[PDB]
Amino acid sequence: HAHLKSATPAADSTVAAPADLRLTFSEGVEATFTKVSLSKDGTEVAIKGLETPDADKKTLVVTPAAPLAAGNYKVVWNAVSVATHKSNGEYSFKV
Ligand SMILES: [Cl-]
Ligand SMILES: [Cl-]
Ligand SMILES: [Cu+2]
Ligand code: NA
Numbered sequence: 001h002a003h004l005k006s007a008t009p010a011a012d013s014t015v016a017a018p019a020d021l022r023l024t025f026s027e028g029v030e031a032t033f034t035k036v037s038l039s040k041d042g043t044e045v046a047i048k049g050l051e052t053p054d055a056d057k058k059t060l061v062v063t064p065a066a067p068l069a070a071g072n073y074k075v076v077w078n079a080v081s082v083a084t085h086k087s088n089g090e091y092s093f094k095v
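Throughout the sequence shown, residue numbering follows the authors' numbering, covering 1 to 95 in sequence.
Laid out in structure tokens, this is it:
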């Protein structure tokens with residue numbers, strides 16, 4: 001199963017408004033079937049796009065519609081690996 005190994009913004013870190021979120025998994029994930037919920041103080045934030053650029057499909061780029069307002073973000077993810085297996089988790093961060 002795909003484990004989330006790291007993100008940027010990194011879990012609990014503080015950053016300036018990033019362009020996007022990068023989620024780096026122990027395995028290839030499918031952009032098509034993978035879900036990522038981004039919420040800011042308990043309100044859905046608009047994700048415009050999910051993509052795996054590289055061919056290993058290990059890094060998931062999650063592009064919000066707007067650049068991110070300063071504050072507290074919860075990421076809830078439901079990965080679907082290149083072998084079709086579902087895993088899930090969550091983490092927080094701030095800008
Ligand atoms: Cl995990
Ligand atoms: Cl959304
Ligand atoms: Cu597995
Ligand atoms: Na199976």
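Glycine residues also receive a C-beta, built at the ideal position from the N, C-alpha and C atoms.
Go ahead and pull the three-state DSSP assignment for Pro64. Here residue 64 is taken as the residue at index 64 of the sequence shown, counted from 1. Looking at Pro64 - three-state DSSP - the assignment turns out to be strand.
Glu44 by DSSP, collapsed to three states: which one? Residue mapping note: residue 44 aligns to position 44 of the sequence shown, counting from 1. It is a strand residue.
Return yes when the Cβ of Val95 is within less than 7 angstroms of the Cβ of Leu60, no when it is not. Along the sequence shown, read from residue 1 onward, the residue named residue 60 stands at position 60. Along the sequence shown, read from residue 1 onward, the residue named residue 95 stands at position 95. Contact: no.
Answer yes or no: the CB of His3 versus the heavy atoms of ligand 3, is any distance below 6 angstroms? Locating residue 3 in the sequence shown gives position 3, where the first residue counts as 1. Result no, Cβ not under 6 angstroms from ligand 3.
Specify the secondary structure class of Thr34 as computed by DSSP and reduced to three states. Position 34 of the sequence shown, counted from the first residue, corresponds to residue 34. Residue state, collapsed to three classes: coil.
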